[PDB]
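Have a look below at one chain only, the form deposited in one PDB entry, in structure tokens format.
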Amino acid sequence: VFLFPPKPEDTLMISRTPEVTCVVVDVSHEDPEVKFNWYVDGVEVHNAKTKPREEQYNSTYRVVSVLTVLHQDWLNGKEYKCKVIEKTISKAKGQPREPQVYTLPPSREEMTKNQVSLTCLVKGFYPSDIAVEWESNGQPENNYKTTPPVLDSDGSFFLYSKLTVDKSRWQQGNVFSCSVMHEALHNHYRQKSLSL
């Protein structure tokens, strides 16, 4: 039994739906039926949905149960238990740290190419639950990738977000904004601009 936490961006963005996943493995053919009992801080709920079983290569079934949760509950540190084996996960306990957002312009050597990369460094935050978005002139970007949180030496986490845009746009003096959402932020939001 494995109890996975909701996606970091799903617990911050109200437009998405955070889910707690309970993956059960090594299920026997003699006993395929698996009963799931979810508990939110003790109180038993019944709004969980179970996905159809999938036979693995090692002749075992893989039963997965999904429980949709609220954004406020997880952020406040609600205790979620999965009774199959009784696993239990929750929000990362510990003193929250404010992230430091730094936007970085493309390297001079990258100007030789047709497309440049915009860098947004976010460091010194806790916990690792975070969401990063890019936007330009109000309209959001789509061609960007963000690295998973990395545990730094001081106990906090950090990551990077790379936006790829045409060199023409960057040379025309356009303004790109790096949006960061985190628990220990004012209004759970911080933004930094970047232009030539």
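So that there is no doubt, residue numbering starts at 1 and follows the sequence shown.
As for the form solved in complex with a partner chain, it is not shown, yet the points below apply to it.
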{"query": "Residue contact check: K91 to its partner chain in the deposited bound form, 4.5 Å heavy atom", "finding": "no"}
{"query": "Partner proximity in the deposited bound form: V25 to its partner chain, non-hydrogen atom cutoff 4.5 Å", "finding": "no"}
{"query": "Partner proximity in the deposited bound form: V20 to its partner chain, non-hydrogen atom cutoff 4.5 Å", "finding": "no"}
{"query": "Heavy atom distance at most 4.5 Å to its partner chain in the deposited bound form, all of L3, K35 and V66", "finding": "no"}
